[PDB]
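In: Would you be able to build a 3D model of this:
(chains A and B, ligands or ions: 2)
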Protein chains: 2
Amino acid sequence: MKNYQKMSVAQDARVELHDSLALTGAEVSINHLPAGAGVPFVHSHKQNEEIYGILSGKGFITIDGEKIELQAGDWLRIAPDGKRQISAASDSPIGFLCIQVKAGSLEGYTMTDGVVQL
Amino acid sequence: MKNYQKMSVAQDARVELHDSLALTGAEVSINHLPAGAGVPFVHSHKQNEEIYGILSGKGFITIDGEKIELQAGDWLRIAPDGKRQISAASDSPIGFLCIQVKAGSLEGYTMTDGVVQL
Ligand SMILES: [Zn+2]
Ligand SMILES: [Zn+2]
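Out: Numbering: from 1, shown residues only, chains lettered A, B, ... in the order given. Ligands and ions are numbered 1, 2, ... in the order given. Let me share the structure:
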């Protein structure tokens, strides 16, 4: 079969890409919280590093008791042990990406993994 | 020390996050091409799976001779062997994310990797 899979996601749709795109190196979740709302729980990871990318709006994320302000354009790496909990701003919703990957699994990349054709 | 790292990226800035955020499970590149422009070369990967997310605009991506139309909200998985080359539309720029991760490296995730804190 094809060396790729594609799908379209609505502007304000909440979905996970792993099963729909048959990912093998990560899980990607697209989500967003309305103003004044936030993830109702705190969590960490056993072996997965997590990368957050704020696509729109603004808000906060509490990591190990410390709350960090967030706005569109902000990107964060969170180690497995980090206890996290994101939430939207009081006067604004927030849209973000959560890339889950096995910590320390990356080897070569770009220069050391890409192959130019002819 | 801290269990996280943060940085801000300008709306139209082109950067790679691996070194700046000290990622260990992936490389994330944020890029965008002006109307009528495109990556000047074709490439594949030795062992990294690649996930593309179109954040804005529209364009095309040619994978193994087949060109696929792209627009904001589109997400794709590309296997290592896939020969790819993205470009913007003739009448519009395109902004996208390229998540590079080692293919088949993901094990548990979400339900099988997240840990809720009481
Ligand atoms: Zn690549
Ligand atoms: Zn998580």
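In: all contacts plus neighbour counts: C-alpha atoms, from now on.
Out: Will do.
In: which residues touch the residue positioned nearest the centre of chain A?
Out: A centroid search over chain A (Cα atoms, centre = their mean) returns residue A:98, at 1.2 Å, as the residue closest to the centre. Contacts for residue A:98 (Cα atoms under 8 Å, 6 or more residues apart in numbering or on different chains) come out as A:28, A:29, A:30, A:50, A:51, A:52, A:53.
In: Relative to residue B:47, how far out is it?
Out: Distance check for residue A:98 against residue B:47: by Cα to Cα, to the nearest Å, it reads 22 Å.
In: how many neighbours does residue A:92 have?
Out: Look at residue A:92: counted by other Cα atoms under 10 Å in any protein chain shown, it has 15 neighbours.
In: Kindly report the same for the one 4 residues further on.
Out: Close neighbours of residue A:96, defined as other Cα under 10 Å, add up to 24.
In: For it, pull up the helix or strand it's in.
Out: Using DSSP states H and E, residue A:96 sits within strand A:94-102.
In: Pull the distance from that strand to the chain's centre.
Out: Chain-centre distance of strand A:94-102: 1 Å, with Cα atoms, centre = their mean, to the nearest Å.
In: Quick check: what element follows the strand ranked longest in chain A along the chain?
Out: If you go by DSSP state E, chain A has its longest strand at strand A:48-63. Following strand A:48-63 in sequence order, the next helix or strand is strand A:66-71 (DSSP H and E).
In: Please determine whether that following strand lies in contact with chain B.
Out: No. Strand A:66-71 is not in contact with chain B by Cα under 8 Å from any Cα of the partner chain; minimum separation 8.6 Å.
In: Now do the buried residues in that strand.
Out: A:70, A:71 (16 or more other Cα atoms under 10 Å in any protein chain shown).
In: Now do it: which elements does it pack against?
Out: strand A:48-63 (3 or more Cα pairs under 8 Å, 6 or more residues apart in numbering or on different chains; DSSP states H and E).
In: Determine the angle, from 0 to 180 degrees, between the strand it packs on and strand A:94-102.
Out: Strand A:48-63 runs at 140 degrees relative to strand A:94-102, counting by axes from the mean of the first three to the mean of the last three Cα atoms, to 10 degrees.
In: Neighbouring strands of strand A:48-63 in the sheet, and parallel or not?
Out: Using DSSP bridges, the strands paired with strand A:48-63 are strand A:66-71 (antiparallel), strand A:74-78 (antiparallel), strand A:84-88 (antiparallel), strand A:94-102 (antiparallel).
In: Mind listing residues that contact the first one?
Out: If you take Cα under 8 Å, 6+ apart as the criterion, strand A:66-71 is touched by A:54, A:56, A:57, A:58, A:59, A:60, A:61, A:62, A:94.
In: Show the contacting residues for the fourth one.
Out: I take that to be residue A:58. Applying Cα under 8 Å, 6+ apart to residue A:58 gives the contacts A:69, A:70, A:71, A:72, A:88, A:89, A:92, A:93, A:94, A:95.
In: Could you give the backbone dihedrals for residue A:109?
Out: Dihedral pair for residue A:109: phi -160, psi 150, per degrees, to the nearest 10.
In: how close does it sit to chain B?
Out: Computed as Cα to the nearest Cα, to the nearest Å, the residue A:109 to chain B distance reads 7 Å.
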